[PDB]
Amino acid sequence: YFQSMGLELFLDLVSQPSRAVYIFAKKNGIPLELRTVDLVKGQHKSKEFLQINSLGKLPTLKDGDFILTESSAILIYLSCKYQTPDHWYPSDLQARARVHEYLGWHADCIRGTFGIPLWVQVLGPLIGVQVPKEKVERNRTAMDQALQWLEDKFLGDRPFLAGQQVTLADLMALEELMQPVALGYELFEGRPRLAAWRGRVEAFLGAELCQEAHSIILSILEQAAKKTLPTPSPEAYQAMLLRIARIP
Amino acid sequence: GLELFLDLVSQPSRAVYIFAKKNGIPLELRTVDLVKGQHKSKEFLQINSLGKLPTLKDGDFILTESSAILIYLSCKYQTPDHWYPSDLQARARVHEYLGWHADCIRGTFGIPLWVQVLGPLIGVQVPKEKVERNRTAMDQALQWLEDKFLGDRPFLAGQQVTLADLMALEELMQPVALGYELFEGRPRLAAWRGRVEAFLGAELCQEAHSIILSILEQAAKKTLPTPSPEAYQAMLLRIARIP
């Protein structure tokens, strides 16, 4: 409800696109007031938050009167407004097209697929709901196919997903792949090219930045096990039920 | 010369087709028959390994994803600013819609074609429970489109037609073409469609929508091609991702 003097970012580091924007702002030293909005508790569906963003999704950027959603949109906005190093989002027509191509494919094949293990293992059981085994198997196969395409189409024999340098594409991809990794799905094993890529991206980001970005997600399974997670609000419950029923 | 590989039965294919035609961008149009499975053939997999439409080929440079294609074409051919405004916040609004679209529209609004035509074509019924869940999901997404994106503004991302309106319209056309009259009872959405279609022109709209608008009749009359085994495989995978 209350604001800081400038740029506010409403986020929860349990969320993949929140972590992507967090990392981008931190790495570029973009001065940003972090406002934590607790997803599990349901604070993104609170009256106060819906007043800011009627969609009630994270991350949300507030720049004065200007309120903006969608990590890709937020990332591009900040990169321009703050004139970040070119490699992140290259001016070059074709190099930029490669970043947009990845982002488009990501929205389709990664987003909404790689997050599912959190629902299976933590969030569903948290409200008494099990994800059927057949769906879990389907999701695992879907993840493996997507990693194969990630390796073959995008990475190739190149250092990063959209060319010779780290772009927004790499940031988005990593934070999504981190979700199953944090729950004990070791996605990089048996995938040497992908493993090398991760090492490359994380080396660039810095160990300390990666640590603080990934801290929450790396502890969530254990916190769920010790039953220290918040009880979802009725609004969060409703949204959770809908999300779970969207698992194919 | 540029080539566009496309099939007008497909929503993102139509969006790119419309943008190019409205802007007079000279493209070699190359029809790739999706139902037959030409997108999964060796010759096309040799061009786009992902075997997905639309695909744009610019000499050596091969590009997929309608959003990426649209942006690329807009900069390459320097189309009128309004399609993709250079203004920081106007542009962010376009990206914001496109991202939300990929999550809430793309993959949801196409489902009735699978229910009514494509599934039955290969002996697969979509369970009623999924059909009803999909209908509810469409209605919820339409509500966000009206309340959050349009509001009382003329278009989805501001005062003028942008890439956002093109993608939205072509996705919404899919259920419409299959008998879901979803602009009924939703004045803001109906007015928006009227605005977008008036800007594009009746002939371009007619040309873009002709194929999808005749697909139910083709299914009823049983004149649709038999899918290749590769198409069949992909169809089963797509049907199984309906929740």
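Determine one quarter of the surface area of the Cα convex hull of segment A:175-216, which equals its mean projected area, and express it in nm² to one decimal. Directional mean of the projected Cα hull area for segment A:175-216 stands at 2.9 nm².
Taking a sphere under 10 Å around the Cβ of A:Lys62 and counting the other residues whose Cβ falls inside, with K and R at +1 and D and E at -1, yields a net charge of -3. In angstrom, the C-alpha Rg and Dmax of segment B:50-203 are 16.7, 50.
Other residues within the sphere of radius under 13 Å centred on the Cβ of A:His106, judged by their own Cβ, net out at -4 (K and R +1, D and E -1). Around A:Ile23, what is the net charge, scoring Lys/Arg as +1 and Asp/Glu as -1 over all other residues with Cβ under 11 Å from its Cβ? Once positives and negatives cancel, what remains is -1. Distance from the alpha carbon centroid of segment A:10-35 to that of segment A:38-110 works out to 10 angstrom. For the protein assembly as shown, the mean residue ellipticity at 222 nm estimated from helices alone is -15500 deg cm²/dmol, where every DSSP H run of n ≥ 4 contributes -39500 (n - 2.57) and the total is divided by all residues, rounded to the nearest 500.
Past 26 Å, Cα to Cα: identify those pairs from A:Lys62/B:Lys21; B:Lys36/B:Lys76; B:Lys36/B:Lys57; A:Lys153/B:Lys36; A:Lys81/B:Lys148, in the order given. Checking Cα-Cα distances, A:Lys62/B:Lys21; B:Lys36/B:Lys76 exceed 26 Å. By DSSP, the beta bridges lying fully in chain B are antiparallel in about 65 percent of cases.
Per residue of peptide A:225-234, the mean number of Cβ atoms on other chains within 10 Å of the residue Cβ is 0. In terms of Cα atoms, the Rg and Dmax of the protein assembly as shown work out to 21.9, 65 Å.
Taken along the Cα-to-beta-carbon direction at a fixed 7 Å, the label points for B:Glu217 and B:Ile62 span 3.6 nm. Whole-Hz Karplus values for segment B:54-65 come out as x, 10, 10, 10, 10, x, 6, 7, 10, 10, 10, 6 Hz, taken residue by residue from phi with 6.51 cos²θ - 1.76 cosθ + 1.60 and θ = phi - 60°; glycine and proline positions read x. Listed values for segment B:116-132 are Karplus-derived 3J(HN,Hα) couplings in whole Hz (6.51 cos²θ - 1.76 cosθ + 1.60, θ = phi - 60°), namely 8, 10, 5, x, x, 3, 10, x, 10, 8, 8, x, 3, 4, 6, 4, 5, and x replaces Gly and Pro.
Each peptide in A:52-58, B:63-69 gets a packing score, the mean of other Cβ atoms within 10 Å over its residues, and the list from highest to lowest is B:63-69, A:52-58. Label positions at B:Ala191 and A:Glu33, each projected 7 Å from the Cα along the C-beta direction, are separated by 3.6 nm. Looking at B:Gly123, B:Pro187, B:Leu27, which one has the Cα that reaches farthest to the positive end of the dipole of the protein assembly as shown (charges on Cβ: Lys, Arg +1; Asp, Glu -1)? Of the options given, the answer is B:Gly123. Here the Karplus curve 6.51 cos²θ - 1.76 cosθ + 1.60, taken at θ = phi - 60°, turns the phi angles of segment A:195-210 into couplings of 4, 4, 3, 3, x, 4, 5, 5, 4, 5, 5, x, 5, 5, 5, 4 Hz, with x standing for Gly and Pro. For segment A:1-86, dividing the convex hull volume of the Cα atoms by the residue count gives 86 Å³ per residue. The magnitude of the dipole of segment B:57-186, with charges of +1 and -1 set on the Cβ of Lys/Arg and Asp/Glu and taken from the Cα centre, is near 220 debye.
Every number in this text was worked out from the coordinates using simple rules, so none of it is lab data. Cβ coordinates were reconstructed from backbone atoms using ideal geometry, including for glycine residues, and neighbour counts include every protein chain displayed.
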